[PDB]
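This report concerns only the one structure given below.
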Amino acid sequence: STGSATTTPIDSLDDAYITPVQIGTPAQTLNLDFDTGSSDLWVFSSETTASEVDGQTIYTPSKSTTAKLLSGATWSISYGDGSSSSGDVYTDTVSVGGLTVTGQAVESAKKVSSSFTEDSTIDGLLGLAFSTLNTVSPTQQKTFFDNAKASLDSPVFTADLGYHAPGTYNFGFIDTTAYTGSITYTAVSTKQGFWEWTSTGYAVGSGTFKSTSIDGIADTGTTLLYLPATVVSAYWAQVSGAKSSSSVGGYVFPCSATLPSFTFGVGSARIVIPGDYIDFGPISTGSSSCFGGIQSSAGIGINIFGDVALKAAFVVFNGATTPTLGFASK
């Protein structure tokens, strides 16, 4: 089998992407944030504290003839950005772009933190990291991809995120028309539960490539590119008027400035992030100070190849017995 779904930015900055997902019978369609940095499929629901729901579409398990309580199961998650949610669990039928999994764990939120409530466009998350990170207790549950894997034509999914435009998540096949050149594959460590890999280096604009190992995660659920402070400083030093602002919480720059591209290495191959992809607009409405899309990972504890980086590439998440990651230009 295969599936193919369009993913759409939630706003004009590509702060996140939402993909429609069918849950239950008859189908209830919710717009979920596909997140290769976590492993829970959780939704706003009829069980979510009323005061914490503000415009989201909810899953109502009592209206699904295929929903079954996963008796005794609870879940609770906290994300790198400080947000969180928790609740109980049903199993139900879940379809993404034509690909159907029966018996998928659908984690129903009883509580969500303010950032989730405040984002009307995201009805929940669909985790695509390794199932070892799933938070359901007492019986850890499998991701949508893990459940689908054996039925897929090939045990892969791909992320093709757009810049200020829709893109595509495919399951079970590689669309050879969606990228230019070849796909370069690189080793993955699953030891922390992430799609963790090692970039071979970077360049800033037309500058010479610096060969240096940068361990990080391919994370569709993180907006920006977070790299070591040395790398990030080298980038922003090439932008007139850029500075790190402790009050704002990262590098800012005047929008009158031209942003150089940023290149990262995948083996001997190179992915070029155009300068425009690094502009996240005014820090506040009307401000001449713009927020940068490359920021320091210092104190995150891990480097994160988030949407800024991934949307510059066609990315293969290869879930073969020994997982790997593939990157192509596009």
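Residue 241 in the entry's author numbering sits at position 241 of the sequence shown; the count goes up by one each step and never skips. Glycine included, C-beta positions come from ideal geometry on N, C-alpha and C.
{"Item": "When we look at the beta-carbon of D81 and count the other beta-carbons within 10 Å, is it buried (16 or more) or exposed?", "Value": "exposed"}
{"Item": "Assign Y179 to one of three DSSP states: helix, strand, or coil.", "Value": "coil"}
{"Item": "Between the Cα of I217 and those of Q28, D33 and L128, spot the shortest distance and give me the residue it belongs to.", "Value": "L128"}
{"Item": "Three Cβ pairs or more, each shorter than 8 Å: is that satisfied between the segment 250-266 and the segment 192-209?", "Value": "yes"}
{"Item": "For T212 and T49, I'd like the C-alpha separation in whole angstroms.", "Value": "48 Å"}
{"Item": "Between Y226 and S296, is the Cβ-Cβ spacing less than 8 Å?", "Value": "yes"}
{"Item": "What's the gap between the Cα of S244 and the Cα of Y235?", "Value": "12 Å"}
{"Item": "DSSP three-state call for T117: helix, strand or coil?", "Value": "helix"}
{"Item": "Out of curiosity, what's the CA-to-CA distance linking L126 and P20?", "Value": "10 Å"}
{"Item": "By DSSP, does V204 sit in helix, in strand, or in coil?", "Value": "strand"}
{"Item": "Expressed to the nearest angstrom, what Euclidean distance is found between the alpha-carbon atoms of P166 and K330?", "Value": "14 Å"}
{"Item": "Grab me the residues of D219's own chain with a C-beta within less than 6 Å of its C-beta, minus the 5 sequence neighbours each way, in chain order.", "Value": "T36, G37, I304 and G306"}
{"Item": "State the start and end residues of the unbroken alpha helix (DSSP H) segment that holds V89.", "Value": "Run containing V89: none in the alpha helix (DSSP H); it sits in the beta strand (DSSP E), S84 to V96."}
{"Item": "Is the beta carbon of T263 within less than 7 Å of some heavy atom of the ligand MG?", "Value": "This structure lacks the ligand MG; in fact it carries no ligand of any kind."}
{"Item": "Give a yes or no on whether the C-beta atoms belonging to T25 and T93 are separated by under 8 Å.", "Value": "yes"}
{"Item": "Do the CB positions of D160 and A178 come within less than 8 Å of each other?", "Value": "yes"}
{"Item": "Using a Cβ-Cβ cutoff of less than 7 Å, which residues in the same chain neighbour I278 once the five nearest sequence positions on both sides are dropped?", "Value": "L259, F262, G292, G293, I294 and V308"}
{"Item": "Would you call the segment 180-189 in contact with the segment 237-251, where contact means no fewer than 3 C-beta pairs closer than 8 Å?", "Value": "no"}
{"Item": "Would a C-beta distance cut-off of 8 Å place residue 331 and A73 closer than the cut-off?", "Value": "Because the chain is modelled from 1 through 330, residue 331 falls outside the range shown and cannot be assessed."}
{"Item": "What are the boundary residues of the alpha helix (DSSP H) that includes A309?", "Value": "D307 to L310"}
{"Item": "Since I believe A257 is in contact with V232 (beta carbons under 8 Å), could you give me their beta-carbon distance rounded to a whole number of angstroms?", "Value": "Going by Cβ atoms, the distance from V232 to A257 rounds to 16 Å, so no, they are not a contact pair."}
{"Item": "Any chance you could list the beta strand (DSSP E) runs of at least 3 consecutive residues sitting entirely within the segment 56-87, in chain order?", "Value": "68-78"}
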